[PDB]
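Colleague: Below is the structure I would like to discuss, written out as structure tokens.
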Amino acid sequence: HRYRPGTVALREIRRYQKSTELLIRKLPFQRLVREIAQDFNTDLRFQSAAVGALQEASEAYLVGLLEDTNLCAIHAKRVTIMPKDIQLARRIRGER
Amino acid sequence: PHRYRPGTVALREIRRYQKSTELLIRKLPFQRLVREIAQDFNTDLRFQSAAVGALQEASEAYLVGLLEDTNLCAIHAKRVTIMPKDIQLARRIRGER
Amino acid sequence: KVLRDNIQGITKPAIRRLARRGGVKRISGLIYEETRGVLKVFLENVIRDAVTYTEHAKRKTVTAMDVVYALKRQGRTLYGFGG
Amino acid sequence: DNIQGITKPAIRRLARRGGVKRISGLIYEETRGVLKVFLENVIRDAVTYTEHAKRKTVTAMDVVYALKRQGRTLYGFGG
Amino acid sequence: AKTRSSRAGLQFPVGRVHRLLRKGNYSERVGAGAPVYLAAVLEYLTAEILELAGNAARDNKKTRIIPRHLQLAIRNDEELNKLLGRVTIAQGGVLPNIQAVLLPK
Amino acid sequence: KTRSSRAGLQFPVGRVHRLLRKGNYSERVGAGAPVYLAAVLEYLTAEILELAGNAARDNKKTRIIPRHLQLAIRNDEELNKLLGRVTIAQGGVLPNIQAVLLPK
Amino acid sequence: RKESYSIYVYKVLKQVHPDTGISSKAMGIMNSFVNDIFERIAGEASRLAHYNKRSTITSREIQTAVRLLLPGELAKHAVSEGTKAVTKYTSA
Amino acid sequence: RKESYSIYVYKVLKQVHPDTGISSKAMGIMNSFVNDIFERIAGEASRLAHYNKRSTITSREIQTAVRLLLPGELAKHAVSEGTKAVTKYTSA
DNA sequence: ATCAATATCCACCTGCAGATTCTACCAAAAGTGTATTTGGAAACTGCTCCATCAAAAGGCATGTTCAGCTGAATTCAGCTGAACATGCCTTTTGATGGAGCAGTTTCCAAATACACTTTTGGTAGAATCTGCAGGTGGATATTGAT
DNA sequence: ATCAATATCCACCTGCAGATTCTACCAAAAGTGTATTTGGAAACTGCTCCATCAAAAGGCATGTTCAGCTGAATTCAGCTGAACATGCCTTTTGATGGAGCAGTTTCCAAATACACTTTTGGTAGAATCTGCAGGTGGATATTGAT
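Laid out in structure tokens, this is it:
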């Protein structure tokens with residue numbers, strides 16, 4: 039038995055739209071945040087709640103951006119999102 | 038019997054109006070519109086000329102921006118022609134709807 | 021005189037010029053009405069807030085500063101009219 | 025280095041919550057780039073807040089103030 | 015010897031709001047009625063959100079309101095959704111929405 | 016003798032101080048704040064006036080008009096991002112035509 | 034130390050939904066909401082007063098701020114309950 | 034009546050472009066620019082002082098506000114001219 | 001439409017991590033009594049504002065023709081999703097040290113609060129410039145035809 | 001690609017009326033000089049809060065296979081939107097009158113801000129409670145294939 043492509047995609051969409059947990063792993067994200075921060079100031083130290091806040095903000099931002107992206111792909115008669123879509127979404131948004 | 042091919046005069050106009058800064062909507066109809074809307078909000082309001090002027094500058098600026106976002110949305114869909122679907126997409130991405 | 025249906029006062033050629041400045045080459049026939057709708061919503065919002073400002077000041081003239089404060093509220097800051 | 029730490033399945037999950045059905049292979053790098061820029065801006069402003077307080081620990085409130093600046097108001101960690 | 019909140023028939027603290035207003039730097043002077051009015055509005059908006067969220071809670075067979083119910087409540091109601099259009103609710107998730115074109119046929 | 020002269024500034028430090036005190040920004044206003052602020056305002060004014068002067072000269076004009084200001088702001092990335100959500104009356108737009116729309 | 038709106042939110046919750054409870058994170062979100070709306074209203078009121086050369090913020094400023102800030106019928110219900118609280122406060 | 038930044042803008046204009054003039058509308062736009070930036074800076078500073086429970090806005094708050102508000106080189110030049118103006122003011 | 005193979009609920013249970021109640025200090029409204037503004041309630045100007053008037057202009061609405069573009073249909077190669085087998089690291093739990101906070105006192109360098117003394121920016125006429133609105137004339141692009 | 005013929009920028013000059021620059025006086029900021037507060041920096045320090053460290057587990061990423069379905073490319077016809085010339089009217093714009101406003105002053109009764117003295121609600125940890133998060137197992141739907 040094997041499912042047809044896109045069936046499991048829809049299943050996943052329903053699942054993760056149903057749930058609210060963080061999707062990015064906390065440790066790699068924390069490592070990333072500490073890298074980016076270090077280049078700004080060298081001996082910074084971080085509250086756990088600060089990393090949590092940053093992860094919530096980031097995941098929310100990205101998901102919103104990805105649904106705007108999806109709308110641009112649908113608009114272009116496509117079912118698949120591409121970097122051109124993200125760029126269009128971000129320029130319409132006025133982020134660049 | 039001379040005739041320019043379609044889109045030649047369009048591009049020429051684009052250059053023309055992109056070079057200039059003048060208001061494109063005629064002042065009297067716009068004033069009429071603003072006074073209408075304002076009247077249906079409040080009946081005894083009166084308008085400074087500068088108020089309508091400000092409104093027209095703001096509005097034309099807004100519309101022009103919206104129409105370039107629209108144009109980008111048309112180009113993205115492999116089209117040269119802007120459509121209401123394009124405006125709707127631009128406005129939802131902007132977060133206006 | 022009674023003010024009625026002035027949104028149609030905004031003409032197809034005017035909208036077309038606005039499109040040209042926006043760099044638009046070809047325009048669907050359905051666009052003009054949609055454009056009018058958008059302009060109407062925009063003006064309703066901005067003038068609603070301007071009018072609110074005029075009302076709070078207990079004045080009966082909407083001033084340019086009322087318009088500017090309204091625009092600034094909407095995230096559409098304007099230069100050149102006193103604010 | 026750790027920017028690549030954010031994995032393809034993770035970005036895929038983010039796309040799933042966003043309602044995305046099919047994902048181009050080129051997407052993931054673009055996503056990583058965007059996330060990087062976003063964090064750069066936000067953390068820059070937060071860090072600025074921490075420095076002005078003459079502190080050396082970034083607090084949740086610093087992040088919240090930064091987010092507020094960027095037009096991305098956040099509830100539940102404030103504030 | 016009774017609080018201003020009770021005088022206004024409110025649960026929200028009028029005194030605290032008053033203090034936050036004058037120390038807030040919004041103006042040199044704060045009217046006597048202003049903190050009352052503001053506290054009333056805050057109490058009302060909290061009320062609306064809490065009721066709709068409570069409904070979200072009952073609907074998902076829970077007796078304790080969690081952030082998700084707050085998110086559902088906010089986004090499913092037009093006015094609250096527009097009030098908080100530029101606001102992120104932690105652990106709120108998103109509304110379940112799938113574009114028709116992505117659906118099988 | 017004025018504080019502007021002491022700071023070596025063209026922008027009025029005193030006026031900035033007054034506006035700070037009337038603004039309700041804080042209970043107290045520091046002595047250095049109006050100086051610093053007036054300095055930054057004067058600098059930003061300077062930058063914009065330089066780029067605008069350039070645009071004016073580039074269009075063979077000796078008098079700066081709003082169009083020149085708009086050109087200045089939009090052609091410089093940093094000013095463009097500082098005033099990204101700002102509308103300049105009678106400023107117009109940058110001449111930009113999408114490649115795909117040009118005739119070939 | 035650490036002033037919060039928790040008790041008042043819980044009171045209102047018990048008014049509207051007597052056996053509904055509320056989690057910690059949810060309470061935090063509610064606090065954030067209260068502070069945010071507070072600062073929008075108060076900010077807009079401050080600007081209102083400053084525009085009209087007034088040195089005082091009355092309930093009138095709060096009201097106009099609500100009319101500007103809130104959308105539609107949410108705004109008119111808020112204005113009505115505000116006016117109601119104010120008149121009832123003025124009495125005795 | 035109707036105090037304006039016109040004179041100062043004209044001074045700066047004559048410094049950078051000695052034979053460039055400026056129209057009324059252009060000057061008006063400049064005034065709008067000055068007032069806008071002014072209130073962004075002062076606002077951000079006010080928020081800064083309020084976050085750190087300080088009742089006074091020093092040149093420090095203004096500097097941090099500039100660093101938050103301005104992007105890249107705009108910020109570094111602004112901070113340098115500010116610090117220079119403050120030190121020069123303190124020495125005279 | 002039926003047949004098997006997953007996947008998804010839905011019910012039902014129970015201990016616990018986390019929500020609710022409970023108990024006492026204390027910061028912070030509230031209450032009293034004086035000390036200051038102020039925002040209107042009338043009274044009054046000086047001005048933009050509404051509403052015409054009257055030609056003329058140029059811009060708009062209409063209708064006709066046709067080219068180029070949009071959308072429908074087909075083909076097909078490419079790539080991305082489904083599933084699986086492997087192994088890597090992130091997740092949990094607990095402890096330990098101490099670093100960077102806030103929390104308290106103390107006390108000046110800095111800011112606020114008045115009352116005069118000057119200087120300046122604003123406003124209103126006086127005295128120049130500069131785009132602008134045309135006007136050909138010189139090259140440029142567009143289009144049709146050899 | 002040339003030839004030729006429309007129409008179109010593209011430039012430079014020129015005279016000139018509308019703004020721009022320039023000049024000359026006066027309320028109101030700005031600055032001075034003294035008298036008081038005060039806020040917040042400096043100087044110790046008690047504590048939550050972060051940063052490592054260690055180790056075991058299993059929860060997911062990685063990498064690979066392989067096929068189905070999507071996106072990109074081509075073709076092409078129908079019709080929708082561009083271009084243009086007509087003709088007609090709504091807009092421009094240049095002044096005119098009378099008016100209904102904000103905008104200013106002059107005061108006051110009402111409302112708010114202080115300065116201390118008391119009176120509770122708020123809040124912080126301990127002491128109880130209580131949904132719910134997981135955890136199975138079986139009824140129903142979903143999916144893919146004959």
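Chains as they are written, first to last, in full-length UniProt numbering: chain X, 39 to 134; chain D, 38 to 134; chain P, 21 to 103; chain Z, 25 to 103; chain C, 15 to 119; chain V, 16 to 119; chain R, 34 to 125; chain H, 34 to 125.
C-beta atoms are modelled at their ideal positions from N, C-alpha and C, and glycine is treated no differently.
1. Closest to X/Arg116 by C-alpha separation, out of C/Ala114, C/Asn74 and C/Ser41, would be which residue?
2. In chain D, which residues lie less than 8 Å from V/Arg82 when you measure between Cβ atoms?
3. Under three-state DSSP, which class holds C/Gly99?
4. Could you say which of P/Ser48, P/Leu50 and P/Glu64 lies nearest to D/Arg72 if we only look at CA atoms?
5. So for C/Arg43, helix, strand or coil by DSSP?
6. With a threshold of 8 Å, are at least 3 pairs of Cβ atoms found where one atom belongs to the region 93-102 of chain Z and the other to the region 103-111 of chain X?
7. Jot down the residue ranges of each uninterrupted alpha helix (DSSP H) in the region 69-104 of chain R, minimum 4 residues, whole runs only, in chain order.
8. To the nearest angstrom, how far is the alpha carbon of X/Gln55 from that of Z/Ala39?
9. Would P/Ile47 and D/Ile112 qualify as a contact pair, given that the criterion is a beta-carbon distance under 8 Å?
10. Would you call the region 104-118 of chain R and the region 36-55 of chain V in contact, with 3 or more CB pairs under 8 Å?
11. Going by other Cβ atoms of all chains shown within 10 Å of its Cβ, with 16 needed for buried, is Z/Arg41 buried or exposed?
12. Within the continuous alpha helix (DSSP H) that includes C/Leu59, where are the two ends?
13. Take the Cβ of H/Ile74 as the centre, count every other Cβ of all protein chains shown within 10 Å, and call the residue buried at 16 or more, exposed below.
14. Starting from the Cα of R/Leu46, find the closest Cα among C/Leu109, C/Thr60 and C/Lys16 and give me that residue.
15. Among H/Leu103, H/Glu36 and H/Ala118, which has the Cα closest to the Cα of V/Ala54?
16. Bridge partners for R/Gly54 per DSSP, in chain order?
17. Rounded to whole angstroms, how far is the Cβ of Z/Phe101 from the Cβ of C/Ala15, which I believe are closer than 8 Å?
18. Mind listing the chain Z neighbours of R/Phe66? Cutoff is C-beta to C-beta under 7 Å, in chain order.
19. From the DSSP output, in three-state form, read off X/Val117 for me.
20. From P/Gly29 to H/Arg87, what distance separates their C-alpha atoms?
21. With distance defined between alpha-carbon atoms, name the residue in V/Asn90, V/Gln85, V/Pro118 and V/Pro110 nearest to H/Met63.
22. Report the option in C/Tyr58, C/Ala87 and C/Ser41 whose CA atom is closest to the CA atom of C/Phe26.
23. Please name the residues in the region 33-48 of chain P whose beta-carbon is closer than 7 Å to at least one beta-carbon of chain V, in chain order.
24. To the nearest whole angstrom, what separates the beta carbons of V/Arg89 and V/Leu64, a pair I think is in contact under 8 Å?
25. Might you give, ordered along the chain, the residues of its own chain that have their beta carbon closer than 7 Å to the beta carbon of C/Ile79, omitting 5 neighbours on each side?
26. What's the gap between the Cα of P/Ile67 and the Cα of P/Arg56?
27. Quick check: what's the CA-CA separation for Z/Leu91 versus H/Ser92?
28. Taking CB distances under 8 Å as the criterion, tell me whether X/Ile130 reaches chain Z.
29. Starting from D/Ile51, find everything on chain V with Cβ-Cβ shorter than 9 Å and list it in chain order.
30. When the Cα of C/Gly106 is compared with those of R/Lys58, R/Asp52 and R/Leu81, which residue comes out closest?
31. Given a threshold of 16 other Cβ atoms within 10 Å of its Cβ, counted over all protein chains shown, does C/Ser19 qualify as buried or as exposed?
32. How about Z/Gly103: is its C-beta nearer than 8 Å to some C-beta of chain R?
33. Report the partner residues of Z/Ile47 according to the DSSP bridge assignment.
34. Just to confirm the assignment, what range does the beta strand (DSSP E) spanning P/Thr97 have?
35. Evaluate C/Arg82 with the Cβ neighbour count: other Cβ atoms within 10 Å of its Cβ, from every protein chain shown; 16 or more gives buried, anything less gives exposed.
36. Just reading off the alpha helix (DSSP H) that P/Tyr89 is part of, what are its end residues?
Modeller: Taking the geometry as given:
1. C/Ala114
2. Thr58
3. coil
4. P/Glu64
5. strand
6. no
7. 92-102
8. 10 Å
9. no
10. no
11. buried
12. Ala48 to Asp73
13. buried
14. C/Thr60
15. H/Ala118
16. C/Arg78
17. Z/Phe101 to C/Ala15, Cβ: 39 Å. No contact.
18. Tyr99
19. coil
20. 55 Å
21. V/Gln85
22. C/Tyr58
23. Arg41, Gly43 and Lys45
24. About 16 Å separates the two Cβ atoms, so there is no contact after all.
25. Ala67, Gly68 and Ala71
26. 16 Å
27. 24 Å
28. no
29. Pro110, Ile112 and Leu116
30. R/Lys58
31. buried
32. yes
33. X/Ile119
34. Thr97 to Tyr99
35. buried
36. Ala84 to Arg93
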